[PDB]
Amino acid sequence: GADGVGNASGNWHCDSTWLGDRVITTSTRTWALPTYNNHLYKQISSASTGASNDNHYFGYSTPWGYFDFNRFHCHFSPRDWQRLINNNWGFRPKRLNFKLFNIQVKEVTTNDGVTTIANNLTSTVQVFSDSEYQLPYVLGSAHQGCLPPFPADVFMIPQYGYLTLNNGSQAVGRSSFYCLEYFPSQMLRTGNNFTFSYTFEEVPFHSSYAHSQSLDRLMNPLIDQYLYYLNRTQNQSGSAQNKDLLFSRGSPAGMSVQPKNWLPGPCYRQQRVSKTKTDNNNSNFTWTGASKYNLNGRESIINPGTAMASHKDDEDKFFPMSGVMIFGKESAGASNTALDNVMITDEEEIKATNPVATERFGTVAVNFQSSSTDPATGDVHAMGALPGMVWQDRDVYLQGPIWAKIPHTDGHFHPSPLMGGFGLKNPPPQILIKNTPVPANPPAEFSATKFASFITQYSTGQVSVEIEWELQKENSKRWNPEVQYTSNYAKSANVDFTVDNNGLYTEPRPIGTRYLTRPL
Amino acid sequence: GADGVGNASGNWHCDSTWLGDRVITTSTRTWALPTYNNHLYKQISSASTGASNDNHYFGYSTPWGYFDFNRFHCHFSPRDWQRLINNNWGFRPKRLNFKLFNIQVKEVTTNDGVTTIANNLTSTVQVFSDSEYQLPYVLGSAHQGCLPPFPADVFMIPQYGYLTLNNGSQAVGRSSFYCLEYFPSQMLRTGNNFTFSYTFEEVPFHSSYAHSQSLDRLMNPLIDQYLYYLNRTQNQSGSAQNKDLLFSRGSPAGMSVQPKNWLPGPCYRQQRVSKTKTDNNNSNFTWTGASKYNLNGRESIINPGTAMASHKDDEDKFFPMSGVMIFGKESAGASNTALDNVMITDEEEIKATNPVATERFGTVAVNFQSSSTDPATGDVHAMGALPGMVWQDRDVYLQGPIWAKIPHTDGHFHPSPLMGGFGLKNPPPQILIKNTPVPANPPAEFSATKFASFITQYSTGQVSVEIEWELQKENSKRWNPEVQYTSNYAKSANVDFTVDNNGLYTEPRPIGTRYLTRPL
Amino acid sequence: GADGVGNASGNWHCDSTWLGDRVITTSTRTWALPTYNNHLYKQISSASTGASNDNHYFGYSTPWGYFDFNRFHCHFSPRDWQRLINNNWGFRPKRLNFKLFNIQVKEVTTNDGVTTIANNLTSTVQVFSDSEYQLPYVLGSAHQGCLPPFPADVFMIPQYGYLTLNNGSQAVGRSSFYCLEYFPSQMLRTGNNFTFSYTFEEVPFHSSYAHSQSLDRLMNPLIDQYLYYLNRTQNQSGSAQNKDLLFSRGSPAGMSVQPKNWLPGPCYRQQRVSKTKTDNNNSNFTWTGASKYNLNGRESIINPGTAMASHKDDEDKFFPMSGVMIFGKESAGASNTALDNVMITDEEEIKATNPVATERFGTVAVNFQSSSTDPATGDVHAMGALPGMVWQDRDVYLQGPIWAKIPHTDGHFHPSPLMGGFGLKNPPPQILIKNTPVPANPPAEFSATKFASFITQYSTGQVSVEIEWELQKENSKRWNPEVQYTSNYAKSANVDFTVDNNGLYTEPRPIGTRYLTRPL
Ligand SMILES: Nc1ncnc2[nH]cnc12
Ligand SMILES: Nc1ncnc2[nH]cnc12
Ligand SMILES: Nc1ncnc2[nH]cnc12
Ligand SMILES: Nc1ccnc(=O)[nH]1
Ligand SMILES: Nc1ccnc(=O)[nH]1
Ligand SMILES: Nc1ccnc(=O)[nH]1
Ligand SMILES: Nc1ccnc(=O)[nH]1
């Protein structure tokens, strides 16, 4: 860093600047970091517990905390998101600037049942960015502890832990252990500060638009095709039914039978469930009726799974059991909370190109028809990629994640993070931070045994993240007005995206980005 | 070439040089080339024979031989492979240098029942590289006849033959015939030599590592998600069972139900068979229970097929019927040999990302549940590519192939050779070689009829291949030690990868490359 | 020194960098230093005690602490050690850089109960390196208190004390007393830091290899010698036994009787003891059956003593009573702990050249044979250096010492530290450190009586040691694969060289360096 006890090492830079094709978000917050695990690394696992085989794990927990800004509301105020989404066909991150500063380390002494805090001026906090990605990448799993949406909220830094290979609750020889200290890290006293910058790789702009055409309506509703298709295998009222081969040319009255160039996207069917409970089966079918994948004898719910439309027209009451992103309200309990404490996303806009999530992809022949054998077909519920398929990826949300690390594998296929966002080979590095252990008084006589008595402390300061975002401007010739995200004009007891009478900021709904429209 | 009867046209260059990010393998061997087909091109096919429709073919056999180094042990000694695999996250070929030399053509005369060999000094051997790929590409089908693993072994050059279109055992008008002479070729007497170089296209480094995380364990086992999922469709001990909609947030106790970004790789299920025969069905089900593809009314076993893990945890006794590479021991007979004369590979390391080969990919919804209709799901056994899938390709082995030509098609999809290795648009060219016909004595009076009487001969010499390989160095922060390929320290009658008391080199096991670990 | 209360004077530099022929280890840790002896130097000795004459001593204890990094795990993580040992025939230290910084001095006050710690900002810690070696050299006696293996562990600094001449528990006129203050030292307040560098003398690379030949198997196993040896002193079935002189030439069937050039190493026999207690004698024979040296009427166990192989082939259950380095587990008690709380090294690799530790060196003639007198021979249990002897020094271990000061004597003989490592004429200097006394309040009236009332304090900070190591690369033409140190692939409850569920780092075995092989 820096300088004095008596001298701030950073100012408060929270702002938005719009500049034609760029928008620069700056956000600064005040954090608090406790001591974790008493400065220990612990082995952790599902041993005992009583966990099922699909829940076993092995890993470690760490004395470190970390910074996480991997949520859009860490950077975009509600109004800015609104600006973003109502005027642009897309956007992407380009560069970032990160700042830790104004650090202040404090000691806690308890006597009684009356707790005193003071400054420990000569104490440090340690920091580093894992810029060579040598640590297990724990961002992009949508874990809580990101910078809060509301700039006035103070936040506690999450603790870093990670998993490795496990065979049940045991480890394997291949399992990996990381000690964080065995990086180089920067050591900061109250005077000092930390900074680094980062550039994002080139990535496709996120599609902030719905289509205003669908795959099956790309033709000109005024002209025939020059192409023919088999229309009838029997006449044709000449009594009664006689084998025939009758061919018709593509025609505006038969848009369902016209040859075309393209196929809709992939499909992994999911179970349709209603918001009115009375429609559903009387059982507990989530695990048992769930779409799951099977990995080394362990089952995992596919969630949210392939980008698919949530419901066809007029059926907004249904949703895939595990195919929509779902946010909790600020009233929601951790487990088995009710419908009205959650907010379910809707990905209905993609039904122009993407199969609906709770229906078949389609139908396939399954035999050879003949006079003796009747033509049979079967339903296709899971369809991989076929040449000619086109699709739309899952939408992002003001409160969803931004990016994830693409796994380091021989093979990916369209590695856009299924929960939504940008896939990055070389994503924003993890930023780790810890209070340096400060021994309590040692004995008068040497002892070799692990030092286990420490002065209790924690730290606080500010953090600042600045991101530059490039915009894809809208160039639309559409004559009529667009759907636009808008707040509600009718009167009410509270304003949306505001604090209440107890000062609790709330986000009353998810907001996606798909309001403007393109042609296909 | 060159020069004298009395003057070598090449030396013996067999070596290894390690140079930081590069390793240069040189190997030289001594070959023998007979006269094939008596200098004739023969039409060949399955006519007569009694072959089934799935085995019919049409093609030609050729008077030529060819060189084949498309196996790792043609270049890497066992110790070098060990060096490779224990210290690098990857590697790829960059360039090659090829050399034919010290040629010596010999005539064989038999009188009795006592066979005399002498030098035929004025005789040639012919050579060319098919550098414009004008010939059917016969490398990359894993045919025997490559340079031997052991530098002291002499090898016989394989004969070139190829196939074309066939309708049963007949040909079609579209079928193609190639005459090799109707290239330009180099003609070598005992003095001369042949050389050429080649550069490899840019290709992804082969992944010589296992992952130490799995797709389903990428989260931080310490923090909840901000995302919610439908947890129950009924309460919840309020008696008895009542329709409900209950939502929970992602949590470390429920890692199987957390939303995620990624899907595991593709899947084409295969039949699971045990190494202890008593477990299996009492029938012959290989063709009949086999995963097969169907091409122009002809069936073909998919083998090895999609890259998939061989068995889940603790089940090393099972293997896909035709989903693992299998090497023969030097005791193995050509057909119906026993389990202990073969070596079956294990691709278990990829179960972090790739479905296990003998299980479903997963489960899919197949109907609409309601009070009247119970939720149904189905098993998915063959799953194509879905956006968001990530996977690991099949491993290579010290004795497996290196590369294959990607077919010249409009479309490939991840054209990594399914048997393992590097796909190359423009692979190392085939190198063809033949002894020039040397007429026996003609008659005293002209005759127009095909010349059919030849002096019997063959040739021998050395061949040298030098390849430069680029290495991907390991940069791992892992605190604990790695699994490392190691020879066995316990005492025995023979050393691994050695010759025995009769001078037979043996390779006692396959060695893959996946020992070091990455994060995902 | 520089600057501020508010300003870190050092960062955290813990890392490893591999660069071809060099590897640079950096390690940084956080220490704690109490006040020792209440700022007093005390005379100490075995007086009273009840000590045997063998355990009498005289010396002094000091108010100072010291830094000790003389253990390989202070610098090499387990993975790095693995890298070291599996790829290099040797290595040596070249240069070092040392850093003390971020110091923070604290005062402790108690009422009862209850104990209060604050910063004492104007307090100093003192430091110096004994670079002219003017102090008794107390490193290289394998003391505990070195930097901990695990970078996250905080450590207490050991106290400096030393011994001098003693006659029983009394001193002699020749006994030396040393006052540490009498040395210039650097005085550091919370702002300041200490640094120095050092270069190592030229030393032989440590042998990180086993031989793959033995002294007695160097001959060509195909060819006779031209040399002859007396084979028989009687015939030879011509009945019955008659005096004769019969000579044979060296031959592959008689490799035990072939003339040779070399002798195996020196020998000081030690008592063989089994790991299965039932094999041993029923008595307490360690002191009484021990190999001891006798110095000024005082006995001392020779331990570990001459470099000798721990056991011959197939006898891994025996070990020299005091001829192997033995590490304690983190469960081991200080005294009379059980077999399974210790880890015994094995120096079996050196049996190619070095006598086995529990057997005779060999046999010697002891008389003149004649018709009247039968040839006699005797066993040699202690053999000094003979021209022509060759030997291998004791191995080093990841947790053993690195170096020791060669005593300043007229004569050494192969002064490689018998406990293992590098002998250094001018070793890394001792680094001494102390909290400066801070008087409590004096009386209002002068008193000359030596001050004795002090404010209670201690200090803490970071220390950093960087060492450059030169590597001897492996150049082996060995065709088959090597033994390699490897972690175990089978599954278990804990990972090797990791922390457990209480955060205790453990080292589950010793690791030597001898895996690669040389010829002799
Ligand atoms: N969002 C995304 N990030 C990186 N690569 C992609 N390829 C397709 N979509 C992508
Ligand atoms: N091994 C490989 N060779 C060429 N192209 C590839 N694309 C993906 N894997 C490949
Ligand atoms: N390790 C060592 N250090 C210094 N001198 C030696 N002489 C023989 N071995 C030695
Ligand atoms: N990864 C991809 C494959 C095919 N098309 C895409 O847009 N992306
Ligand atoms: N061919 C490929 C398609 C998608 N992803 C890959 O890695 N390769
Ligand atoms: N000549 C010597 C041999 C060994 N050591 C010595 O100091 N001198
Ligand atoms: N000290 C020594 C004497 C003789 N030879 C050695 O290598 N060392």
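Rules used throughout
Residues numbered from 1 in each chain as written, not as in the entry; some residues may be left out. Chains lettered and ligands numbered in written order. Part of a larger assembly, values for the part shown. Heavy atoms only, no water. Helix = DSSP H or I, 4+ residues; strand = E, 2+ residues; numbered from the N terminus. Contact = heavy atoms within 4.5 Å. Buried area = accessible area lost by both parts, 1.4 Å probe. Salt bridge = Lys/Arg side-chain N within 4 Å of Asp/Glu carboxyl O. Polar contact = N/O pair within 3.5 Å; in protein donor to acceptor, adjacent residues only side chain to side chain. Pairing = 2+ DSSP bridges. UniProt positions renumbered as here; feature names shortened; annotations may be inferred. Least-squares fit on C-alpha atoms. Near = heavy atom within 4 Å. Areas by Shrake-Rupley, 256 points an atom, 1.4 Å probe, with all protein chains shown as cover. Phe/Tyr/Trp six-rings, centres within 6.5 Å; stacked < 30°, edge-to-face > 60°. Buried < 20%, exposed > 50% of the residue type's maximum accessible area, 1.4 Å probe, protein only. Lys NZ or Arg CZ within 6 Å of the ring centre and 35° of its normal. Nonpolar A, V, L, I, M, F, W, Y, C, P; charged D, E, K, R; others polar.

## Some remarks on the environment of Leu147(A)
Residues and elements named next belong to chain A.
- Note that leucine 147 resides in the loop between β7 (125-129) and β8 (155-156).
- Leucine 147 sits 72 residues away from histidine 75 along the chain, and the two C-alpha atoms are 8.8 Å apart.
- If we ignore the near neighbours within four places in the chain, the residues touching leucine 147 are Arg29, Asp68, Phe69, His73, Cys74, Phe155, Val463 and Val465.

## Brief notes about the interface of chain B and chain C
- With 34 residues of chain B in contact, the opposing surface of chain C contributes 34 residues.
- Regarding the contact of chain B and chain C, the summed buried area is about 2,600 Å², with carbon and sulfur atoms giving 49% of it.
- If you sort the residues of chain B by the area they bury against chain C, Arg79(B), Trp479(B) and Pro481(B) come out on top, with a joint share of 30%.
- Seen at the junction of chain B and chain C, the total is 8 salt bridges.
- In this structure, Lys477(C) and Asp15(B) form a salt bridge, with 2.8 Å as the shortest nitrogen-oxygen distance.
- At the junction of chain B and chain C, the tally comes to 15 residue pairs in polar contact.

## Considerations on the sheet that holds strand β14 (residues 243-249) of chain B
- Strand order in this open sheet of 3 strands is β21(A)-β14(B)-β13(B), and the pairing throughout is antiparallel. Only two strands of the sheet have a single neighbouring strand rather than two, namely β21 (337-338) of chain A together with β13 (228-234) of chain B.
- Examined bridge by bridge, β13(B) and β14(B) share 5 bridges and lie antiparallel to one another. Paired with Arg232(B) across the two strands is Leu246(B), which belongs to β14(B).

## A word on the UniProt feature "binding site: adenine" (unreviewed entry) in chain A
All names here are of chain A.
- Per the UniProt entry, the sites bearing "binding site: adenine" (unreviewed entry) are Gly421 and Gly423 in this numbering.
- Position of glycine 421 among the secondary structure elements: in the loop between β27 (411-413) and β28 (422-424).
- Each residue touching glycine 421, except ones within four places of it in the same chain, is listed here: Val396, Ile402 and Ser416.
- Counting through the fold element by element, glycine 423 comes out in strand β28.
- Setting aside residues up to four positions removed in sequence, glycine 423 forms contacts with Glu201, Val203, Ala404, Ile406, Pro415 and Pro417.

## Comments concerning the relation of the copies chain B and chain C
- For the pair chain B and chain C, the best superposition has an RMSD of 0.1 Å and corresponds to a rotation of 180 degrees with a translation of 0.0 Å parallel to the axis. The transformation just described matches what one would write down for a two-fold rotation axis.

## Here we look at the relation of the copies chain A and chain B
- With an RMSD of 0.0 Å, the operation that places chain A on chain B is a rotation of 120 degrees combined with a shift of 0.0 Å along the axis. What the rotation and shift describe, once combined, is the action of a three-fold rotation axis. No C-alpha of chain A approaches the rotation axis more nearly than that of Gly384(A), which lies at 2.1 Å.
- Of the residues that chain A buries at the interface, just 6% are likewise interface residues in chain B, meaning the two copies contact each other through different surfaces.

## Some words on the site of ligand 6
- Taken together, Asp410(C), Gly411(C) and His412(C) are the residues near ligand 6.
- Taken by itself ligand 6 offers 240 Å² of open surface, and the protein chains cover 39% of this.

## Topic: the packing of aromatic side chains
- Scanning all chains against the criterion turns up 97 aromatic pairs over all chains.
- Centre to centre, the rings of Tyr41(B) and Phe177(B) are 6.1 Å apart; their planes meet at 80 degrees, and the pair counts as edge-to-face. A residue pair is termed long-range when its members are at least 10 positions apart, and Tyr41(B) in the loop between β2 (22-33) and β3 (42-45) and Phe177(B) in the loop between β9 (159-163) and β10 (186-188) qualify at 136 residues.
- Assessed through its relative accessible area of 23%, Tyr41(B) is described here as partly exposed.
- On the numbers, 6.2 Å between centres and 45 degrees between planes, the contact of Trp391(B) with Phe413(B) is tilted. You can see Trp391(B) sitting in strand β25 (residues 389-391) and its partner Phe413(B) sitting in the loop between β26 (403-405) and β27 (422-424), a full 22 residues away along the chain.
- By way of ring pairs, the aromatic residues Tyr41(A), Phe58(A), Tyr60(A), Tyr160(A), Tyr162(A), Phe177(A), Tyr178(A), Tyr182(A), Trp479(B), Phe150(C) and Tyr505(C) are connected into one cluster.
- In this structure, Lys477(B) is placed above the aromatic ring of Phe183(A), and the distance from its NZ or CZ to the ring centre is 5.2 Å.
- Between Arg272(C) and the ring centre of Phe318(C), over which it is positioned, the NZ or CZ distance is 4.0 Å.

## With respect to the interface of chain A and chain B
- At the junction of the two partners, chain A supplies 122 residues and chain B supplies 104 residues.
- Buried area between chain A and chain B, both sides added, is near 10,200 Å², and the carbon and sulfur share of it is 54%.
- Its largest share of buried area at the contact with chain B, chain A owes to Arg174(A), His408(A) and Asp410(A), together 8% of the area lost on that side.
- Between chain A and chain B we count 5 salt bridges in total.
- Here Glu348(B) and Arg174(A) are joined by a salt bridge, their closest N and O atoms 3.1 Å apart.
- A total of 5 residues in the side of chain A that touches chain B trace back to one element, the largest contributor, which is strand β9 (residues 159-163) of chain A.
- Split into classes, the residues belonging to the side of chain A that touches chain B amount to 53 nonpolar, 54 polar and 15 charged.
- As paired strands, β21(A) and β14(B) are joined by 2 bridges and run antiparallel to one another.

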